[PDB]
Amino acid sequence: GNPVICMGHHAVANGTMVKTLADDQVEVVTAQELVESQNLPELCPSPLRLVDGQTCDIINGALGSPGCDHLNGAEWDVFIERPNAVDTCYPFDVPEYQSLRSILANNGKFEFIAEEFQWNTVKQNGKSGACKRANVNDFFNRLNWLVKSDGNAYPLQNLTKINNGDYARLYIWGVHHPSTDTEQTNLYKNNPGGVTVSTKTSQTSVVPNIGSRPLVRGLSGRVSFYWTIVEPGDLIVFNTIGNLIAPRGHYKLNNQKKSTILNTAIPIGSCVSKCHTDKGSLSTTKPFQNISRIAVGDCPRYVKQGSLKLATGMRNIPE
């Protein structure tokens, strides 16, 4: 007795190194990479709705700066905001800048609703050389610059807008800051001016801010922008003795806010993907990625490791 039968297993010439609990380098016959480290050099316009701000960041798009009319009515899952956006209007600031940018981005649409405010005797629709629209003096097309009547008269203003609609409203309004008391007086008569905006449930008051300021777009003046959200059943009251940059109306808020914003220079292309990083879209089934912590949509999880190999076969012991 002398025939022989042997039980064995396959092997290949050169396998892949993996880690276990015990060992940092075990060679197995096959493995699969679980960390995505490649991205597309473009953003995928499908199946998520991307809106490109192009020259406007979202705050300028909301205010209605020159160059941002293409954003009117826009609806998005992800607002694409370009690093090389540029101000095209009157020099401004937003005291809670990131909070407003978040609210607009989250909300996910620019659905503006015109209302008429019957401002008393004050002159409306002020414009500026720092806000040119087709080489003509203009302004944020969502705001309304008020100044004294031609016969020096900026009376106390007192208008109310009631919300009986079935959705919350976002009013964006502002306050103008002259650089001298002489400027103050020729614009708004009174000195000091002042704005106070109120709801059933809150109240705000801004004292305008006069002083020398660096020249931005050839001006020392500024506009500080604020916002007020008005729920159904609530009301908003505007009060002015000068310096108000008034709203032309309100933006609609979605009940459910599911959208967001992504700041990147990366061009929008023709691919399909539901995962967007600021370095571009990801086209992968892997459960992890090391490309960017900034990621939006249906993404692999971001991790620090550049590689994690999952064994998909047995130990490789050739010959």
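Each residue number is its position in the shown sequence, starting from 1.
- Relative to one another, 281 to 289 and 64 to 72 have unequal mean CA B-factors, and 64 to 72 is the one with the higher figure.
- For the pair 144 to 152 and 89 to 97, the mean Cα B-factor is higher in 144 to 152.
- Looking at 108, 83, 129, 174, the one whose CA carries the top B-factor in the deposited record is 129.
- Ranking 103, 246, 219, 230 by the C-alpha B-factor listed in the PDB entry places 219 at the top.
- Per the PDB record, residue ranking by Cα B-factor puts residue 256 in the highest third of the chain.
- When the CA B factors of the chain's modelled residues are split into thirds, the value for residue 78 lands in the lowest one.
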